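Tertiary structure, described
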Amino acid sequence: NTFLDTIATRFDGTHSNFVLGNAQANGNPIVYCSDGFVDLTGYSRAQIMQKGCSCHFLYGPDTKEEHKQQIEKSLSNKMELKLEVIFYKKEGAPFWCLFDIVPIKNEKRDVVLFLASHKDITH
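Residues numbered from 1 in each chain as written, not as in the entry; some residues may be left out. Heavy atoms only, no water.

Its PDB header names X-ray crystallography as the technique used to obtain the model and reports a resolution of 2.000 Å.

Given below as structure tokens:
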């Protein structure tokens, strides 16, 4: 199977919140998102499928600038990131998110995807 299919399938049945971004396309576009991520954020899959893995569409007033920078650098340098950051749902409700990005490499050791997952840690 392809990397996109293979990675998504790994999480079947876990009800995880995650997206897959295409690292070989400008802007690192989201090319897949789980049902859990749809429910978490309040955005439809259709809306999410026109957004970037940086998850800029989740930024709001209290989203720290330094956190936005960390995310940009992670994606730009194609490196891992584990970050506690305030994100905003579709209707504006804020939530604390543990944002986890890992670069996915192919058989040639080239980064072809980003796996980015989201844990609601507002608790």
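1. A few points about the pairing of strand β5 (residues 111–120)
For β5, the buried fraction is high: seven of the 10 residues fall into the buried class. As paired elements, strand β1 (residues 18–22) and β5 share five bridges and run antiparallel to each other. Within β5, the position partnered with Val19 by the bridge is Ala116. Sheet topology note: the strand β4 (residues 94–105)/β5 ladder contains nine bridges and is antiparallel. Across the sheet, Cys97 pairs through a bridge with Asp120, a residue of β5. With antiparallel pairing between neighbouring strands as the criterion, β4 and β5 make up a hairpin whose turn holds five residues, including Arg109 at a positive phi of roughly 65°. (Buried < 20%, exposed > 50% of the residue type's maximum accessible area, 1.4 Å probe, protein only. Helix = DSSP H or I, 4+ residues; strand = E, 2+ residues; numbered from the N terminus. Pairing = 2+ DSSP bridges.)

2. So, helix α4 (residues 65–77)
Helix length check: α4, at 13 residues, gives a terminal C-alpha distance of 18 Å against a target of 18 Å (1.5 Å per residue), a fit within 8%. Of all the residues in α4, the buried ones are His67, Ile71, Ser74 and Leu75. Taken around the axis of α4, the buried residues stretch over an arc of 90°, which confines them to a single face. Residues of α4 that are exposed and point more than 90 degrees away from the buried face comprise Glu72, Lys73 and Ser76. If you follow the buried residues of α4, they end up packed against β3 (81–88), β4 and β5. Just downstream of α4, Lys78 is the residue with a positive phi angle, here 55°. (Expected span 1.5 Å × (residues − 1). Arc of directions from axis to C-beta. Contact = heavy atoms within 4.5 Å.)

3. Overview of the state of the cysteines
Following the criterion strictly, the structure yields zero disulfides and no others. As a non-bridged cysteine, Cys33 has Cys55 as the owner of its nearest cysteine sulfur, 10 Å distant. Take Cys55: it sits in no disulfide, and the sulfur closest to it among the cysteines is that of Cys53, at 5.9 Å. The class for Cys55 is buried, based on a relative accessible area of 0%. (Disulfide = S-S within 2.5 Å.)

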